[PDB]
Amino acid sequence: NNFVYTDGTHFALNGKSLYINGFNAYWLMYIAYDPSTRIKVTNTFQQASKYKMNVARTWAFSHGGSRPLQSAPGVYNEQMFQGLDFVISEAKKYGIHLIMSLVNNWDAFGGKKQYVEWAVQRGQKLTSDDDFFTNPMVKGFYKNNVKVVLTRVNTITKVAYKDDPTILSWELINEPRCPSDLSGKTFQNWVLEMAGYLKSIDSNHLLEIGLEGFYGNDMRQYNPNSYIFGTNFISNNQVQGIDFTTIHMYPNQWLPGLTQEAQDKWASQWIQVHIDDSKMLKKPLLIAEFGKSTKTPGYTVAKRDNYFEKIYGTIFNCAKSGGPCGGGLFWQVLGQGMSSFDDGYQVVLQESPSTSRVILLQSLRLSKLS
């Protein structure tokens, strides 16, 4: 029934294997809200389709207090929601599928902190953002929102989100950390609880957690600077409701002060070890975030293009030899005239012809795999 699914360690759609080559654009709903900026969403998907990118990952939550989706527990801005409706309808129009993250680990709005502070305002005596993972009231807020998003009837397509094959996967939480419990049990329990609940509302779609990919104690030497973070790539992804695994990777951010050589070695090891574990888990692996910032010293675009080439080659070599690499999404695309959103990682496709060609060639090569 046109939904993307998994067959062993690959994605699939209509009986055929599917390899992902796409992008992050967290901002799509935010920009769709304003009728005078909505064209930027259309233009972005038009450009994505031209360069044969097949997936956009984006937020199903607001990142700013001034333009909320969920302004208070269970209270939604309908204009913002209709903007998300448009992101889905417009993605479908240009043959692009979506990964949809349901909450952020980070920041003051749209993240676990806001959920906790909402409970605090309602009488719960919570002192930690990690109370998001344990407090019954906060968990109830999160579950309520899962149900609201999944069962939403799109005002444009007239199809409930949970019935729309344009959505490739839900994502529980972007980049979760649980520093207050490095045993990993708190977060493991939360993933068990939430994946089960979500699948009870929608078992049409795939689900992934949103992990950056950090291992627990025994494999911590693969994590940047050997930290553990309260997640566990192995045990978390063993949860039955989780269909595929992700990693993020930011060698320059995560290993500041190390040499380029040490960062490269960490990066290649990082992908390969997760290939090994995802194969052991019998689930596909998606590199859901990677990129190269312009704020790197002496930057020219060749550094970004060569890095994308390296990541794409690793994905391709794995996929072609029958490994569990299901594809990649770079961070990030911005539309034109969005320089206020610049974070150093932005690729404006219309203004980045060398990078766009690197992206296109990866899509072309993957299209010839079974």
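Counting begins at 1, following the sequence as shown.
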Given 123-131 and 200-208, the range whose Cα B-factors average higher in the PDB entry: 123-131
Of 6-14 and 20-28, the one with larger mean CA B-factor: 6-14
Which listed residue, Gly291, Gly257, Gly213, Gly216, has the largest C-alpha temperature factor in the record? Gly257
Going by the deposited entry, which of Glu171, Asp277, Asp243, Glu261 has the highest CA temperature factor? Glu261
Looking at the C-alpha B-factor of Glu117, is it in the lowest, middle or highest third of its chain? highest
For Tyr161, does the deposited CA B-factor place it in the lowest, middle or highest third of the chain? middle
With respect to C-alpha B-factor, does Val55 fall in the lowest, middle or highest third of the chain as deposited? lowest
Place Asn252 in the lowest, middle or highest third of its chain's C-alpha B-factors, as listed in the PDB entry. highest
Among the modelled residues of its chain, does the C-alpha B-factor of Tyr94 lie in the lowest, middle or highest third? highest
